[PDB]
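Chemist: Please find structure_30.cif (mmCIF, C-alpha atoms and all ligand atoms) on the next line:
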data_input
loop_
_atom_site.label_atom_id
_atom_site.label_comp_id
_atom_site.auth_asym_id
_atom_site.auth_seq_id
_atom_site.Cartn_x
_atom_site.Cartn_y
_atom_site.Cartn_z
CA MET A 1 73.81 85.54 223.04
CA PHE A 2 74.77 88.57 220.98
CA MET A 3 78.43 87.51 221.05
CA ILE A 4 77.34 84.15 219.61
CA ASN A 5 75.73 86.09 216.75
CA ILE A 6 78.88 88.17 216.22
CA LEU A 7 80.99 85.01 216.01
CA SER A 8 78.47 83.27 213.72
CA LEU A 9 78.81 86.31 211.47
CA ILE A 10 82.58 86.77 211.43
CA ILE A 11 83.92 83.19 211.38
CA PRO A 12 81.87 82.01 208.34
CA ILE A 13 82.92 85.17 206.48
CA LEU A 14 86.58 84.25 207.00
CA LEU A 15 85.87 80.66 205.97
CA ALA A 16 84.04 81.98 202.93
CA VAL A 17 86.98 84.26 202.15
CA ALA A 18 89.45 81.39 202.40
CA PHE A 19 87.41 79.34 199.95
CA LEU A 20 86.96 82.35 197.67
CA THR A 21 90.69 82.28 196.91
CA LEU A 22 90.40 78.63 195.88
CA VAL A 23 87.46 79.42 193.60
CA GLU A 24 89.31 82.28 191.92
CA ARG A 25 92.35 80.10 191.28
CA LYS A 26 90.13 77.42 189.73
CA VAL A 27 87.97 79.87 187.78
CA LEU A 28 91.05 81.65 186.47
CA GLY A 29 92.59 78.30 185.57
CA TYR A 30 89.60 77.02 183.63
CA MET A 31 89.26 80.34 181.82
CA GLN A 32 92.97 79.95 180.94
CA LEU A 33 92.61 76.36 179.62
CA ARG A 34 94.07 74.85 182.80
CA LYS A 35 92.63 73.34 186.00
CA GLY A 36 93.88 75.24 189.04
CA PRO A 37 94.39 73.60 192.44
CA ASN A 38 93.15 70.01 192.32
CA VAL A 39 95.81 68.09 194.30
CA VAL A 40 95.72 69.36 197.90
CA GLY A 41 92.57 67.56 198.99
CA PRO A 42 89.75 66.54 196.66
CA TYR A 43 89.38 69.25 193.99
CA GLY A 44 91.82 71.41 195.94
CA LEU A 45 89.40 71.80 198.85
CA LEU A 46 92.28 71.75 201.36
CA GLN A 47 94.39 74.32 199.49
CA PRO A 48 93.17 77.42 201.42
CA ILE A 49 93.85 75.67 204.74
CA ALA A 50 97.38 74.82 203.60
CA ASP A 51 97.96 78.40 202.44
CA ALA A 52 96.77 79.82 205.77
CA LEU A 53 98.87 77.38 207.81
CA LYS A 54 101.95 78.12 205.70
CA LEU A 55 101.45 81.88 206.02
CA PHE A 56 100.94 81.82 209.79
CA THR A 57 103.95 79.56 210.45
CA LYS A 58 106.37 81.69 208.40
CA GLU A 59 108.70 84.30 209.86
CA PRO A 60 107.43 87.90 209.75
CA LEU A 61 110.08 90.58 209.37
CA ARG A 62 110.23 94.19 210.52
CA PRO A 63 112.03 96.38 207.96
CA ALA A 64 114.95 98.25 209.50
CA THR A 65 113.81 101.61 208.10
CA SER A 66 110.11 101.07 208.85
CA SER A 67 107.95 102.86 211.40
CA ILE A 68 106.97 99.95 213.62
CA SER A 69 103.77 101.29 215.20
CA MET A 70 102.01 102.24 211.96
CA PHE A 71 103.43 99.15 210.23
CA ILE A 72 101.72 96.91 212.78
CA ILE A 73 98.57 99.05 213.04
CA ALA A 74 97.66 99.10 209.34
CA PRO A 75 96.77 95.38 208.83
CA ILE A 76 94.79 95.33 212.09
CA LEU A 77 92.77 98.32 210.89
CA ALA A 78 92.21 96.70 207.49
CA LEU A 79 90.97 93.37 208.84
CA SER A 80 88.90 94.89 211.65
CA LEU A 81 87.14 97.25 209.23
CA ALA A 82 86.52 94.43 206.75
CA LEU A 83 84.87 92.44 209.55
CA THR A 84 82.94 95.46 210.84
CA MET A 85 81.41 96.40 207.50
CA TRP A 86 79.19 93.28 207.47
CA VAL A 87 77.12 94.11 210.58
CA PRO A 88 74.37 96.28 208.98
CA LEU A 89 73.66 93.96 206.03
CA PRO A 90 70.09 92.58 206.13
CA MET A 91 70.19 88.84 205.35
CA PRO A 92 67.19 89.48 205.70
CA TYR A 93 67.82 90.66 209.25
CA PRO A 94 70.85 92.75 210.21
CA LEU A 95 73.08 92.12 213.20
CA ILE A 96 72.97 95.89 213.83
CA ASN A 97 69.82 97.71 212.69
CA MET A 98 70.80 101.30 211.83
CA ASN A 99 68.66 104.15 210.57
CA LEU A 100 71.64 105.23 208.43
CA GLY A 101 73.40 102.07 207.31
CA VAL A 102 74.46 103.31 203.89
CA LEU A 103 76.17 106.38 205.36
CA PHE A 104 77.88 104.22 208.00
CA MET A 105 79.09 101.90 205.24
CA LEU A 106 80.38 104.90 203.26
CA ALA A 107 82.29 106.24 206.27
CA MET A 108 83.85 102.86 207.06
CA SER A 109 84.83 102.51 203.39
CA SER A 110 86.50 105.92 203.56
CA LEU A 111 88.38 104.87 206.71
CA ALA A 112 89.51 101.59 205.12
CA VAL A 113 91.84 103.39 202.67
CA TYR A 114 94.09 104.52 205.52
CA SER A 115 95.26 100.95 206.10
CA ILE A 116 96.75 100.97 202.60
CA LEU A 117 98.07 104.51 203.03
CA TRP A 118 99.74 103.91 206.39
CA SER A 119 101.17 100.53 205.40
CA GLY A 120 102.71 102.10 202.30
CA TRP A 121 104.12 105.05 204.23
CA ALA A 122 105.39 103.07 207.23
CA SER A 123 107.07 100.45 205.04
CA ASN A 124 109.61 103.18 204.17
CA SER A 125 110.21 101.77 200.68
CA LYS A 126 109.85 103.46 197.30
CA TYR A 127 107.46 100.95 195.72
CA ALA A 128 105.24 101.02 198.82
CA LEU A 129 105.15 104.82 198.66
CA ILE A 130 104.17 104.66 194.99
CA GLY A 131 101.37 102.23 195.85
CA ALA A 132 100.11 104.47 198.65
CA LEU A 133 100.05 107.52 196.37
CA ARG A 134 98.18 105.45 193.79
CA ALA A 135 95.63 104.64 196.51
CA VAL A 136 95.24 108.37 197.20
CA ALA A 137 94.65 109.01 193.50
CA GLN A 138 92.15 106.13 193.29
CA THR A 139 90.08 107.47 196.18
CA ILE A 140 90.08 110.96 194.67
CA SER A 141 88.95 109.37 191.40
CA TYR A 142 85.99 107.34 192.60
CA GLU A 143 84.66 108.80 195.86
CA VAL A 144 82.29 111.57 194.74
CA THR A 145 80.79 109.60 191.85
CA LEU A 146 80.18 106.61 194.13
CA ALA A 147 78.44 108.76 196.75
CA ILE A 148 76.22 110.56 194.24
CA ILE A 149 75.25 107.25 192.60
CA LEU A 150 74.24 105.94 196.03
CA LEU A 151 72.16 109.05 196.71
CA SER A 152 70.42 108.89 193.32
CA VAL A 153 69.58 105.21 193.74
CA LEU A 154 68.33 105.64 197.31
CA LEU A 155 66.05 108.51 196.29
CA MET A 156 63.67 105.72 195.23
CA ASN A 157 63.99 103.96 198.61
CA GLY A 158 62.94 106.85 200.84
CA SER A 159 65.60 106.46 203.54
CA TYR A 160 69.13 105.21 204.22
CA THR A 161 67.95 102.07 206.04
CA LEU A 162 69.24 98.95 204.31
CA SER A 163 66.30 96.73 205.28
CA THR A 164 63.88 99.13 203.57
CA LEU A 165 65.62 98.15 200.32
CA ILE A 166 63.82 94.82 200.67
CA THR A 167 60.42 96.53 200.72
CA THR A 168 61.31 98.87 197.85
CA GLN A 169 62.12 95.95 195.50
CA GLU A 170 59.16 93.81 196.53
CA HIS A 171 57.72 93.49 193.01
CA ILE A 172 60.56 94.53 190.68
CA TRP A 173 64.34 94.80 190.87
CA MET A 174 65.67 98.34 191.23
CA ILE A 175 68.03 97.71 188.30
CA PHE A 176 65.07 97.84 185.91
CA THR A 177 64.56 101.44 187.05
CA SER A 178 68.25 102.40 187.37
CA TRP A 179 70.24 100.12 185.08
CA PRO A 180 72.51 102.97 183.85
CA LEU A 181 73.60 104.01 187.35
CA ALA A 182 73.99 100.33 188.22
CA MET A 183 76.66 99.88 185.54
CA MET A 184 78.56 102.90 186.84
CA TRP A 185 78.06 101.66 190.40
CA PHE A 186 79.53 98.30 189.41
CA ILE A 187 82.61 100.00 187.97
CA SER A 188 82.91 102.11 191.11
CA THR A 189 82.97 98.95 193.22
CA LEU A 190 85.79 97.63 191.04
CA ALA A 191 87.66 100.86 191.78
CA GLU A 192 86.68 100.80 195.45
CA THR A 193 88.10 97.32 196.13
CA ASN A 194 91.29 97.86 194.06
CA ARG A 195 90.32 95.05 191.69
CA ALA A 196 91.37 94.55 188.09
CA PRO A 197 91.31 96.48 185.81
CA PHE A 198 91.91 98.97 188.66
CA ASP A 199 94.45 96.95 190.68
CA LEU A 200 96.87 99.85 190.87
CA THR A 201 97.75 100.06 194.57
CA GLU A 202 99.39 96.65 194.29
CA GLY A 203 100.19 96.71 190.57
CA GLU A 204 102.27 93.54 190.43
CA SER A 205 103.61 94.01 186.90
CA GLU A 206 104.64 97.62 187.62
CA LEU A 207 105.36 97.99 191.35
CA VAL A 208 106.40 94.39 192.19
CA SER A 209 103.88 94.33 195.04
CA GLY A 210 103.06 97.99 195.70
CA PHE A 211 101.94 98.99 199.17
CA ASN A 212 102.35 95.51 200.69
CA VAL A 213 105.77 94.69 199.20
CA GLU A 214 107.44 94.74 202.62
CA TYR A 215 104.78 92.62 204.33
CA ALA A 216 105.31 88.91 204.94
CA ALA A 217 103.50 85.95 206.51
CA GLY A 218 100.64 86.87 208.90
CA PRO A 219 100.21 90.61 208.27
CA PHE A 220 100.26 89.96 204.52
CA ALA A 221 97.67 87.22 205.03
CA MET A 222 95.55 89.71 206.99
CA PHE A 223 95.73 92.22 204.13
CA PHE A 224 94.65 89.47 201.72
CA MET A 225 91.78 88.43 204.00
CA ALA A 226 90.58 92.03 204.29
CA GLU A 227 90.67 92.58 200.53
CA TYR A 228 88.73 89.41 199.69
CA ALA A 229 86.23 90.07 202.48
CA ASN A 230 85.67 93.56 201.06
CA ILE A 231 85.09 92.03 197.62
CA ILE A 232 82.41 89.65 198.91
CA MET A 233 80.86 92.37 201.08
CA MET A 234 80.60 94.89 198.24
CA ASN A 235 79.05 92.30 195.94
CA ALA A 236 76.52 91.47 198.67
CA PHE A 237 75.75 95.18 199.03
CA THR A 238 75.26 95.46 195.26
CA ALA A 239 72.93 92.44 195.27
CA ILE A 240 70.86 93.99 198.07
CA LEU A 241 70.85 97.38 196.33
CA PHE A 242 69.89 96.33 192.80
CA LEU A 243 68.57 92.73 192.80
CA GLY A 244 65.91 92.59 195.50
CA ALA A 245 65.07 89.11 196.73
CA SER A 246 61.50 88.48 197.84
CA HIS A 247 61.31 88.11 201.62
CA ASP A 248 58.93 85.83 203.50
CA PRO A 249 58.69 86.84 207.19
CA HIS A 250 57.94 83.22 208.14
CA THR A 251 60.56 81.71 205.78
CA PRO A 252 63.65 83.96 205.85
CA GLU A 253 65.90 81.13 204.65
CA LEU A 254 64.44 81.61 201.16
CA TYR A 255 65.68 85.20 201.19
CA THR A 256 69.04 84.06 202.56
CA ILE A 257 69.49 81.51 199.75
CA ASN A 258 68.44 84.00 197.07
CA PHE A 259 70.75 86.70 198.44
CA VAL A 260 73.72 84.35 198.75
CA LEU A 261 73.28 83.08 195.19
CA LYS A 262 73.08 86.62 193.79
CA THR A 263 76.18 87.63 195.77
CA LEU A 264 78.10 84.60 194.48
CA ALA A 265 77.08 85.44 190.91
CA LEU A 266 78.40 88.99 191.32
CA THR A 267 81.67 87.77 192.86
CA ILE A 268 82.18 85.29 190.02
CA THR A 269 81.54 88.19 187.64
CA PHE A 270 84.38 90.06 189.39
CA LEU A 271 86.69 87.07 188.85
CA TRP A 272 85.59 86.87 185.20
CA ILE A 273 86.37 90.56 184.69
CA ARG A 274 89.82 90.04 186.21
CA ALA A 275 90.35 87.18 183.77
CA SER A 276 89.20 89.22 180.76
CA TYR A 277 90.84 92.66 180.70
CA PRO A 278 94.15 94.55 180.81
CA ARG A 279 95.02 97.17 183.42
CA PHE A 280 94.17 100.87 183.37
CA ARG A 281 96.78 103.56 183.85
CA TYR A 282 95.99 105.32 187.11
CA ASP A 283 95.66 108.73 185.44
CA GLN A 284 93.27 107.21 182.90
CA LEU A 285 91.11 105.97 185.78
CA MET A 286 90.79 109.52 187.14
CA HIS A 287 90.04 110.86 183.66
CA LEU A 288 87.38 108.17 183.19
CA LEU A 289 85.75 108.90 186.54
CA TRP A 290 85.83 112.71 186.25
CA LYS A 291 85.16 113.24 182.52
CA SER A 292 82.69 110.42 181.76
CA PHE A 293 81.21 109.08 185.00
CA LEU A 294 80.74 112.39 186.83
CA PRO A 295 78.68 114.27 184.18
CA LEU A 296 76.33 111.33 183.62
CA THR A 297 76.07 110.81 187.38
CA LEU A 298 75.14 114.47 187.93
CA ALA A 299 72.56 114.41 185.13
CA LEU A 300 71.04 111.18 186.43
CA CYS A 301 70.95 112.57 189.97
CA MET A 302 69.01 115.54 188.58
CA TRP A 303 66.67 113.19 186.72
CA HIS A 304 66.11 110.94 189.74
CA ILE A 305 65.31 113.94 191.92
CA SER A 306 62.78 115.19 189.37
CA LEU A 307 61.24 111.80 188.57
CA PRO A 308 59.26 111.00 191.77
CA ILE A 309 57.85 114.53 191.87
CA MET A 310 56.91 114.34 188.18
CA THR A 311 55.09 111.01 188.52
CA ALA A 312 53.84 111.41 192.12
CA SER A 313 55.91 108.42 193.27
CA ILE A 314 57.71 109.72 196.36
CA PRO A 315 58.45 106.91 198.86
CA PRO A 316 57.31 107.07 202.51
CA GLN A 317 59.19 107.38 205.82
CA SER A 318 60.55 110.91 205.91
CA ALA B 3 116.49 47.32 146.36
CA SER B 4 113.50 49.35 147.52
CA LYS B 5 112.29 52.81 146.56
CA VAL B 6 113.61 55.97 148.17
CA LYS B 7 111.39 56.72 151.16
CA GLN B 8 111.33 60.21 152.65
CA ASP B 9 108.99 62.55 154.50
CA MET B 10 107.09 64.17 151.64
CA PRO B 11 103.83 66.04 151.08
CA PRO B 12 101.00 63.82 149.83
CA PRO B 13 100.47 63.53 146.06
CA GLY B 14 98.57 66.56 144.90
CA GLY B 15 99.14 68.72 147.95
CA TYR B 16 97.79 69.80 151.33
CA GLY B 17 94.39 71.33 151.95
CA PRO B 18 94.20 75.11 152.20
CA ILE B 19 95.46 76.69 155.42
CA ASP B 20 93.49 79.69 156.63
CA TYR B 21 95.53 82.70 157.69
CA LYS B 22 93.37 85.82 157.20
CA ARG B 23 91.64 87.61 160.06
CA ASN B 24 88.16 86.46 161.13
CA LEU B 25 86.37 88.85 163.49
CA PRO B 26 82.67 88.62 162.57
CA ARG B 27 80.33 91.52 163.22
CA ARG B 28 77.75 89.66 165.36
CA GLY B 29 75.94 92.68 166.77
CA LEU B 30 72.63 94.48 166.91
CA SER B 31 72.01 98.02 165.70
CA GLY B 32 72.49 100.92 168.09
CA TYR B 33 68.83 101.93 167.88
CA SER B 34 67.80 98.43 168.98
CA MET B 35 69.88 98.45 172.16
CA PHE B 36 68.91 102.03 173.00
CA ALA B 37 65.22 101.19 172.52
CA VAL B 38 65.49 98.10 174.72
CA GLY B 39 67.13 100.15 177.47
CA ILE B 40 64.54 102.93 177.31
CA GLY B 41 61.66 100.44 177.34
CA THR B 42 63.10 98.66 180.36
CA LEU B 43 63.43 102.00 182.15
CA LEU B 44 59.82 102.94 181.38
CA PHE B 45 58.50 99.59 182.62
CA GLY B 46 60.48 99.97 185.83
CA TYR B 47 59.23 103.53 186.30
CA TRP B 48 55.59 102.47 185.96
CA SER B 49 55.99 99.57 188.40
CA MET B 50 57.78 101.75 190.94
CA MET B 51 55.14 104.49 190.65
CA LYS B 52 52.36 102.04 191.48
CA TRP B 53 54.31 100.46 194.34
CA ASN B 54 55.28 103.79 195.89
CA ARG B 55 51.72 105.12 195.79
CA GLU B 56 50.56 101.96 197.58
CA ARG B 57 53.36 102.39 200.13
CA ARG B 58 52.28 105.98 200.81
CA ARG B 59 48.72 104.80 201.43
CA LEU B 60 49.95 102.13 203.86
CA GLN B 61 52.09 104.69 205.70
CA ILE B 62 49.06 106.96 206.08
CA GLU B 63 47.04 104.06 207.48
CA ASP B 64 49.58 103.15 210.17
CA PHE B 65 50.08 106.84 211.01
CA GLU B 66 46.34 107.03 211.64
CA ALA B 67 46.60 103.95 213.85
CA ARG B 68 49.19 105.85 215.89
CA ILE B 69 46.90 108.89 215.99
CA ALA B 70 44.02 106.78 217.29
CA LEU B 71 46.22 105.27 220.01
CA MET B 72 47.88 108.53 221.08
CA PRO B 73 45.45 109.94 223.73
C1 LIG C 401 63.83 109.12 178.88
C2 LIG C 401 64.85 109.43 179.98
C3 LIG C 401 65.64 108.20 180.40
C4 LIG C 401 66.96 108.57 181.08
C5 LIG C 401 68.16 108.34 180.16
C6 LIG C 401 68.60 106.88 180.12
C7 LIG C 401 69.50 106.56 178.92
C8 LIG C 401 70.98 106.53 179.30
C9 LIG C 401 71.89 106.37 178.08
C10 LIG C 401 73.37 106.32 178.46
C11 LIG C 401 73.68 105.18 179.44
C12 LIG C 401 75.18 104.91 179.56
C13 LIG C 401 75.54 104.24 180.89
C14 LIG C 401 77.04 103.91 180.98
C15 LIG C 401 77.83 105.02 181.70
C16 LIG C 401 79.30 105.07 181.28
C17 LIG C 401 79.52 104.57 179.84
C18 LIG C 401 80.76 105.19 179.19
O1 LIG C 401 80.65 105.80 178.18
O2 LIG C 401 82.03 105.03 179.77
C19 LIG C 401 83.05 104.75 178.85
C20 LIG C 401 84.07 103.80 179.47
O3 LIG C 401 83.43 102.85 180.27
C21 LIG C 401 84.12 101.63 180.34
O4 LIG C 401 84.61 101.19 179.36
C22 LIG C 401 84.24 100.87 181.66
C23 LIG C 401 85.66 100.32 181.87
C24 LIG C 401 85.73 99.28 182.99
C25 LIG C 401 85.43 97.87 182.51
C26 LIG C 401 85.30 96.88 183.67
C27 LIG C 401 84.41 95.68 183.33
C28 LIG C 401 83.21 96.04 182.46
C29 LIG C 401 81.90 95.56 183.08
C30 LIG C 401 81.31 94.37 182.34
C31 LIG C 401 79.86 94.09 182.75
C32 LIG C 401 79.12 95.34 183.22
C33 LIG C 401 77.96 95.00 184.15
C34 LIG C 401 77.45 96.23 184.90
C35 LIG C 401 76.14 95.98 185.64
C36 LIG C 401 76.26 94.85 186.66
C37 LIG C 401 75.01 94.73 187.54
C38 LIG C 401 75.10 95.58 188.81
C39 LIG C 401 83.74 106.05 178.44
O5 LIG C 401 85.12 105.81 178.35
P1 LIG C 401 85.84 105.87 176.87
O6 LIG C 401 85.17 104.89 175.94
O7 LIG C 401 87.30 105.50 177.00
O8 LIG C 401 85.71 107.39 176.23
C40 LIG C 401 86.04 108.49 177.04
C41 LIG C 401 86.23 109.71 176.13
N1 LIG C 401 85.02 109.97 175.38
#
Take the structure from the file and write it as structure tokens.
Modeler:
Amino acid sequence: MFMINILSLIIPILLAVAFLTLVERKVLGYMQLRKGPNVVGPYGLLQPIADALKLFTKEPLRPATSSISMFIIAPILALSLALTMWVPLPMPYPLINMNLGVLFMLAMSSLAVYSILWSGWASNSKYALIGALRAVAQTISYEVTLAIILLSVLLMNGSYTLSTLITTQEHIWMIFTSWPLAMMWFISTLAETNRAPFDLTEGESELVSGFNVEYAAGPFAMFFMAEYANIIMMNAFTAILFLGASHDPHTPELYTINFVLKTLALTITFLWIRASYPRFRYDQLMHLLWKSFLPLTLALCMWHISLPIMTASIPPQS
Amino acid sequence: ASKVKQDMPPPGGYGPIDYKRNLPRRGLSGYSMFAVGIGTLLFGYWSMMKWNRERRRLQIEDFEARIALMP
């Protein structure tokens, strides 16, 4: 009965991911004075299915100079981690109830970068190597600021348990207490998921395709699935962290609907941002994260440590 | 036997064609936005202080329930 729950978690996420691509194509089209897919099925509803079937019936190729083991391993790691990172999310109940869900999510995020790194290295191509090194630089840019922002925000929660975030935001959204950090956190997510304006690991206009230039058909589709799943997952995490839906223990579907709508709003905001802005230079991203985000993050961490002691508002559950 | 007919501008001329830049200000003052942010932060702080004090009281109550049940 637990396997049924695992499947009911993972399959709808993939279905959601497939449809997310259709939505982005349409949203991008209408923001660009066009329509997007509206021919394959009504309103392009069959377009993701056609894309998946085309990708999984095409010939995959092994580069002659590539390292086969790592080349095959990297997409499996990417997709498996993208699927795994959904299990502690309370919606309003988690599939896996952890005492430390935030730290688990951080560790799995840190492990997810190695799919990009090993695909770029094992491709044995110059553009893939450039993309992998850009991924290294991106992680060095965002990691510490992201972690300290998480710590500062969770100082108001009292623990690292995700479900407690529902109780913390019972009467007011946490954003109203931490709207500055939230903005930075949002930007960090954009850097964490390699999304525009920080789409540097792929960098289509500069590196052709970056780390996944040598990948074709099914492994490439798996990389795409993992990236879009990570986008949806991080927006869901942001919605849980900063926009707390009211939970009724006898009517959890209300919480589920609220949470899903907030997550969809955040994802559409991601697509909007992609439609609106140019691309950073990957040294400018590091300078932004280390010379602007880090000092404010440290000062706000100091302030958020001092604040509950000052006002006698320390949360329970040591 | 007819007049010469050609593609010509209308008698008089054409209406003016705008070409200069138009990027209107359309913005609040800096003090206004800073004040709105600070006020939002203060409201959130007050709400969270009340809620966290209540949560501490509830935690104490259930801890005492455990204490009563322990022997
Ligand atoms: C009484 C005590 C109260 C405590 C104090 C509270 C007051 C705090 C006042 C300051 C708050 C500022 C918060 C913002 C933190 C970073 C802002 C910043 O300055 O960064 C910019 C840059 O920041 C950016 O431009 C971001 C670029 C990425 C853009 C991606 C899309 C933008 C997002 C649009 C919507 C944002 C929504 C965020 C919240 C979503 C909800 C979770 C610096 O870069 P440069 O201008 O180039 O100058 C550097 C050299 N001097």
Chemist: Tell me the residues of chain A close to chain B, meaning within 7 Å using all atoms listed in the file, as a ChimeraX atom specification.
Modeler: /A:176-177,311,313-316
Chemist: I'd like to know which of B:10, B:38, B:70, B:19 is closest to ligand LIG 401 (chain C), using only C-alpha atoms and all ligand atoms.
Modeler: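 Among the listed residues, B:38 lies closest to ligand LIG 401 (chain C).
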Chemist: Nearest to ligand LIG 401 (chain C): which of B:73, B:5, B:37, B:67 is it, counting all atoms listed in the file?
Modeler: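 Distance minimum relative to ligand LIG 401 (chain C) lands on B:37.
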Chemist: Residues within 6 Å of ligand LIG 401 (chain C) (all atoms listed in the file), as a ChimeraX atom specification?
Modeler: /A:180,182-184,186-187,273,288,292-293
Chemist: I want to know what sits within 10 Å of residue 232 of chain A, based on all atoms listed in the file, with residues of the same chain fewer than 5 positions away left out; could you give that as a PyMOL selection string?
Modeler: chain A and resi 13+16-17+20+86+193+227+237-238+263-264+266-268+270
Chemist: Suppose you want the space between atom CA of residue 212 of chain A and atom CA of residue 127 of chain A; what is it in Å?
Modeler: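 Between atom CA of residue 212 of chain A and atom CA of residue 127 of chain A the gap is 9.0 Å.
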Chemist: List the neighbours of residue 215 of chain A out to 9 Å using all atoms listed in the file; skip same-chain residues closer than 2 positions along the sequence, and give me the result as JSON, numbers by chain.
Modeler: {"A": [60, 61, 62, 63, 71, 119, 123, 211, 212, 213, 217, 218, 219, 220, 221]}
Chemist: Interatomic distance between atom CA of residue 88 of chain A and atom CA of residue 137 of chain A?
Modeler: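 Going from atom CA of residue 88 of chain A over to atom CA of residue 137 of chain A, I get 28.5 Å.
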Chemist: What are the centre and edge lengths in Å, to one decimal, of the axis-aligned box around all listed atoms of segment 7-12 of chain B with 8 Å added on each side, as AutoDock Vina command-line options?
Modeler:
--center_x 106.2 --center_y 61.4 --center_z 152.2 --size_x 26.4 --size_y 25.3 --size_z 20.7
Chemist: Do a neighbour search on segment 6-9 of chain A at 9 Å with all atoms listed in the file, toss out local chain neighbours closer than 6 positions, and write the hits as a ChimeraX atom specification.
Modeler: /A:83,86-87,95
Chemist: Nearest to residue 255 of chain A: which of A:312, A:91, A:11, A:243 is it, counting all atoms listed in the file?
Modeler: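 Closest to residue 255 of chain A of all the choices is A:91.
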Chemist: Counting only C-alpha atoms, I want the residues whose atoms come within 12 Å of (90.1, 100.8, 189.1) in the file frame, returned as a VMD selection string.
Modeler: chain A and resid 134 to 135 137 to 143 184 186 to 203 273 to 274 277 to 289
Chemist: Given only C-alpha atoms as the basis, pick out the residue of A:26, A:165, A:130, A:244 nearest to residue 206 of chain A.
Modeler: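 Checking each of A:26, A:165, A:130, A:244 against residue 206 of chain A, counting only C-alpha atoms, the winner is A:130.
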Chemist: Neighbours of residue 297 of chain A within 7 Å (all atoms listed in the file; same-chain residues fewer than 4 positions away dropped), as a list in words?
Modeler: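 So, after excluding close chain neighbours, the residues are residues 145, 148, 149, 293 and 301 of chain A.
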Chemist: With C-alpha atoms kept, could you save the residues just selected as an mmCIF file, in the coordinates of the input?
Modeler:
data_model
loop_
_atom_site.group_PDB
_atom_site.id
_atom_site.type_symbol
_atom_site.label_atom_id
_atom_site.label_comp_id
_atom_site.auth_asym_id
_atom_site.auth_seq_id
_atom_site.Cartn_x
_atom_site.Cartn_y
_atom_site.Cartn_z
ATOM 1 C CA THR A 145 80.790 109.600 191.850
ATOM 2 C CA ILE A 148 76.220 110.560 194.240
ATOM 3 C CA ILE A 149 75.250 107.250 192.600
ATOM 4 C CA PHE A 293 81.210 109.080 185.000
ATOM 5 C CA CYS A 301 70.950 112.570 189.970
#
Chemist: Which residue, A:155, A:45, A:136, A:28, has the smallest gap to residue 309 of chain A when you use all atoms listed in the file?
Modeler: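 The closest residue to residue 309 of chain A is A:155.
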Chemist: Which one of A:35, A:92, A:146, A:169 sits closest to residue 258 of chain A if you count all atoms listed in the file?
Modeler: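 Closest to residue 258 of chain A of all the choices is A:92.
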Chemist: Would you work out the distance separating atom CA of residue 89 of chain A from atom CA of residue 228 of chain A, expressed in Å to one decimal?
Modeler: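 Going from atom CA of residue 89 of chain A over to atom CA of residue 228 of chain A covers 17.0 Å.
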Chemist: Select segment 60-70 of chain B in the preceding structure and write N, CA and C atoms to a file as a compact mmCIF listing (two decimals), in the first residue's frame.
Modeler:
# COMPACT_ATOMS: atom_id res chain seq x y z
N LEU B 60 1.12 26.29 24.61
CA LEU B 60 0.56 24.99 24.24
C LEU B 60 1.58 23.87 24.43
N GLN B 61 2.83 24.13 24.07
CA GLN B 61 3.88 23.14 24.27
C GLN B 61 4.05 22.81 25.74
N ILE B 62 4.02 23.83 26.60
CA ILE B 62 4.11 23.58 28.04
C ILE B 62 2.95 22.71 28.51
N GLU B 63 1.75 22.99 28.00
CA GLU B 63 0.58 22.21 28.43
C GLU B 63 0.72 20.73 28.06
N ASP B 64 1.14 20.44 26.82
CA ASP B 64 1.24 19.03 26.46
C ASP B 64 2.44 18.36 27.13
N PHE B 65 3.51 19.11 27.41
CA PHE B 65 4.60 18.57 28.21
C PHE B 65 4.12 18.17 29.60
N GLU B 66 3.25 18.99 30.19
CA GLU B 66 2.70 18.64 31.50
C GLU B 66 1.77 17.44 31.42
N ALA B 67 1.05 17.28 30.31
CA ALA B 67 0.29 16.05 30.11
C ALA B 67 1.21 14.83 30.13
N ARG B 68 2.34 14.92 29.42
CA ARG B 68 3.32 13.84 29.45
C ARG B 68 3.81 13.58 30.87
N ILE B 69 4.09 14.66 31.61
CA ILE B 69 4.59 14.52 32.98
C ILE B 69 3.57 13.80 33.85
N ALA B 70 2.30 14.16 33.70
CA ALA B 70 1.25 13.50 34.47
C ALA B 70 1.16 12.02 34.12
